[PDB]
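Heads up, the thing below is written out as structure tokens.
None of the figures in this text is laboratory data; all of them are computed from the coordinates on show. We place every Cβ from the backbone using ideal geometry, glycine too, and count neighbours over all the protein chains shown.
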Amino acid sequence: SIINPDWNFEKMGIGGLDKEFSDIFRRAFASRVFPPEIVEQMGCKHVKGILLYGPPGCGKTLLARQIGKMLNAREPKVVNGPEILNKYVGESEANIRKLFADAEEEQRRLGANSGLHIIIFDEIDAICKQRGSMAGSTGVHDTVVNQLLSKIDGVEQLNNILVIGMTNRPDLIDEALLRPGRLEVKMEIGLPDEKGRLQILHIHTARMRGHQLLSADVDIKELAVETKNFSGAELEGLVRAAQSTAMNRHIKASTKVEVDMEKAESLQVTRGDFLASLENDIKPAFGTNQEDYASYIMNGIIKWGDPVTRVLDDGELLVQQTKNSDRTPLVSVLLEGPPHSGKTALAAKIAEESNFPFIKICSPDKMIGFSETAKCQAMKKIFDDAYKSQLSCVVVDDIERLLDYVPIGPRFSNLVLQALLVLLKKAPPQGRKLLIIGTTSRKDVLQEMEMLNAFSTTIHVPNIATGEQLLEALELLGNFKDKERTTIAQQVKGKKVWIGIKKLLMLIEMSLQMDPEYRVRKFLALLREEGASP
Amino acid sequence: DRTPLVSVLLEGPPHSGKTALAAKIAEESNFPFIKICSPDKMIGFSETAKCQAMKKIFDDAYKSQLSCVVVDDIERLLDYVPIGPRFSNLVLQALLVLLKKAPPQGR
Ligand SMILES: Nc1ncnc2c1ncn2[C@@H]1O[C@H](COP(=O)(O)OP(=O)(O)OP(=O)(O)O)[C@@H](O)[C@H]1O
Ligand SMILES: Nc1ncnc2c1ncn2[C@@H]1O[C@H](COP(=O)(O)OP(=O)(O)O)[C@@H](O)[C@H]1O
Ligand SMILES: [Mg+2]
Ligand SMILES: [Mg+2]
């Protein structure tokens, strides 16, 4: 026998993955546990590989090494994908050839009695005549993946190998590498849920518990419910950062204060270090990024009147609809209005008030000088990342700039438009939700390009349209010392005021650059000059 | 016997439920080869990639004694946009040529 029928995978390594082990062992490797006599009598061949895909750094290689060890196999021969590639002619294939040598010789001298060799790959998608389909010129020869296939299953047969491959993008894997007789069993390693984030944390902090270095203050259930969508590597980094910060705190404190030796030896880390590191040190990749909001909502949100509440309530209703309904797992919306009316800030607030696990903002500020194909790739990557969580919220910052629209011509890029139009109507995998919020300042152009037929709703962000609203906004913004405000109220009673909030901030700040005498007249003149009406 | 190739086009207003009816008609035929070629899985491809993909999906249907292929959202395959107009000539030509090519004898 090679293992007891029920196997075992816990406390020695792998954390939150326990169903995965049973599934893989019941599906594929059932031919190496049955009694050998019946296996020989039946006359069946064993599987010759498996494939594992999923997020990056979620615990794939550990499972590979464990499965290799538990079969009573020789030491694994790891190798990395992009490393076997050379500019010389006919040298990217000698590298592939130079990995099956020992197995070949051992099968040569000893036939049908050898052991097993595991040849774990990594980033197996680098060598594939399929990445060239996507826009660009990268043919990767297409001879490399004809020298690997011809060795696994060719005119000469090997019966003492087991190839395990891992990849991050399952959609660029060549089709000729998944037929029966070759890599022929797929499997997914998803993100860890609550129980996994508990087990991994328990595993990674046993040593410090053994010597009682950890204080009794810290719990683990609290830290297993705050970390949402963390991957295991992130948890390990969190523990390490907590250790380091506690160490630095203790050294600094005991150095500054000549404490007695009792606490000097004691190196308790407490819980404050944990929360400090969690909130200041580690930044997840598949979770909320609480830092960039401060770069968009720069001056809070002021309630100058009625419309703000209406907009926020509509956003709440759409969020609620997408959260708790079936038969409709994809929802869209579009915010539009006159320029400088504050459309981005409201979108950011609506997204933030949802409390979703995964929030992302795709704006053109980070695509300066990009060619259009790069923009398409970036958008596709963001959406792909968003597809890997139970709930999500993706914002598109400015749709008129993504297309490079210019009134002369008109001119724009077709590729981005078509990619967006296709992506707005693609449902996620079964059982997962999504929500998309747009933004723009030219509704008519999008209406003309047949783009307003893909969105599902629309919201209007009105502008300051009366003197009373301007007066209330100024009062809440707290300027002009309430005495010049009486003259301002007298002057702005006309009610023919059409100005944006951001422009209002700019005008107030500009007018505040003179002495108390001419400030009011300067501000009134500036407002009157820019007083264009619909 | 004197007509080994047929075609049909479903048309109507938007949001009318055309793809569902096409799929339901296809699934109710009991043909041994049944494929679908939609633009939902070609995001970011250039024109030549689309041509090669369509040609590949069509080539297989000539290796089976029966088949039924479906082409979905012809408008999005050609990259149409009312401004201009603009579109991909090469894909249109490939489609116009593939719509009138009978399979090898018998099929
Ligand atoms: N009620 C409010 N609504 C929106 N923005 C507000 C409000 N109160 C204050 N602000 C401030 O107004 C600014 C919002 O301007 P924002 O960048 O959203 O303009 P915009 O109309 O999207 O710009 P552009 O059209 O040039 O892209 C931020 O400073 C925000 O703090
Ligand atoms: N389920 C898990 N339990 C404990 N540690 C894990 C788990 N998954 C990943 N890790 C940690 O992640 C690291 C290995 O990452 P790995 O899975 O090799 O990334 P990749 O999939 O990119 O190869 C190890 O240091 C290990 O401690
Ligand atoms: Mg804007
Ligand atoms: Mg359709």
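Annotations
- Largest-first principal axis extents, alpha carbons of the range A:299-364, Å: 37, 30, 21
- Compactness relative to 2.2 N^0.38 Å, alpha carbon Rg of the range A:75-152: 1.28
- Computed per residue of chain A from DSSP H runs no shorter than four, each worth -39500 (n - 2.57), the mean residue ellipticity at 222 nm is -11500 deg cm²/dmol.
- For the protein assembly as shown, the alpha-carbon radius of gyration amounts to 1.24 times the rule-of-thumb value 2.2 N^0.38 Å expected for a compact globular protein.
- Here residue A:216 and residue B:30 are evaluated by their C-beta separation; at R0 = 60 Å the FRET efficiency comes out at 0.30.
- Where N is the number of residues in the range A:1-65, Cα Rg divided by 2.2 N^0.38 Å: 1.30
- For the range A:322-336 versus the range A:355-413, the inter-centroid distance based on Cα atoms is 19 Å.
- Positive minus negative residues near residue A:26 (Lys, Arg vs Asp, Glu; Cβ under 12 Å): -1
- In degrees, nearest ten, helix A:519-529 long axis to first principal axis of chain A (Cα): 80 degrees
- When the Cα positions of A:300, A:278, A:82 are compared along the charge dipole of the protein assembly as shown, A:82 comes out farthest toward the positive end, with charges on each C-beta of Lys, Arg, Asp and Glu.
- Across the range A:34-94, the convex hull enclosing all Cα atoms gives 165 Å³ per residue.
- Of the trypsin sites (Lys or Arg not before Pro) found in the range A:492-534, the ones in coil according to DSSP and having at most 14 other Cβ atoms within 10 Å of their Cβ are A:495, A:496.
- Across all Cα atoms of the range A:89-230, the radius of gyration (one decimal) and Dmax (whole number) stand at 22.3, 66 Å.
- Largest to smallest principal axis extent of the C-alpha atoms in the range A:412-531, angstrom: 65, 34, 26
- Pairwise FRET efficiency - residue A:368 versus residue A:2, Cβ, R0 = 56 Å, nearest 0.05: 0.45
- Note on residue A:151 and residue A:458: with the Förster distance fixed at 35 Å, the Cβ-Cβ geometry gives a FRET efficiency of about 0.05.
- Annotated for the range A:1-135: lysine pairs at least 8 residues apart or interchain, Cα distance under 17 Å, count 11.
- Sorting A:332, A:266 from the fewest to the most surrounding beta carbons within 10 angstrom yields A:266, A:332.
- The alpha-carbon atoms of the range A:264-382 define a convex hull whose volume equals 220 cubic angstrom per residue.
- Rounded to the nearest 10 degrees, the angle from helix A:501-511 to the longest Cα principal axis of chain A is 60 degrees.
- Net charge in the neighbourhood of residue A:370 (other residues with Cβ under 14 Å of its Cβ; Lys, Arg +1, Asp, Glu -1) is +2.
- Bins of 5 Å, starting at 0 and running to the largest distance - Cα pair percent for the range A:317-424: 2, 9, 19, 22, 21, 15, 7, 3, 1, 0
- Residues of type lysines that residue B:41 reaches as a straight line, Cα spacing below 16 Å, ignoring anything fewer than 8 places off in the same chain: A:380, A:381, A:425, A:426, B:50, B:55, B:56
- The angle separating the long axis of helix B:18-27 from the principal Cα axis of greatest extent in chain B is about 20 degrees.
- Other protein chain C-beta atoms within 10 Å of residue C-beta, averaged over A:409-421: 3.
- Euclidean distance between Cα centres, the range B:1-53 to the range A:59-131, Å: 41 Å
- With at most 10 other Cβ atoms within 10 Å, longest stretch of chain B clear of loop GluC sites (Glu not before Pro) (DSSP): B:29-107
- Taking a sphere under 14 Å around the Cβ of residue B:13 and counting the other residues whose Cβ falls inside, with K and R at +1 and D and E at -1, yields a net charge of -2.
- Value of Rg to Rh for the range A:218-285, rounded to two decimals, is 1.06; Kirkwood radius and Rg both from alpha-carbon coordinates.
- Over chain A, relative contact order from alpha-carbon pairs under 8 Å, at least 6 apart, %: 12 percent
- In loop segments of the range A:243-326 as defined by DSSP, the GluC sites (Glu not before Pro) with at most 15 further C-beta atoms inside 10 Å of their C-beta are A:258, A:291.
- Among the chymotrypsin sites (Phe, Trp or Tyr not before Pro) in the range A:1-97, those placed in a DSSP loop whose Cβ has at most 12 other Cβ atoms within 10 Å are A:88.
- Charged-residue dipole, Cβ positions (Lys, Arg, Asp, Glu), chain A about Cα centre, Debye nearest 20: 460 debye
- Of the residues A:507, A:488, A:441, the one whose Cα sits farthest toward the positive end of the charge dipole of the range A:441-534, with +1 on the Cβ of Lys and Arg and -1 on the Cβ of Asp and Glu, is A:488.
- Average beta-carbon neighbours from other chains, 10 Å sphere, peptide B:80-86: 4
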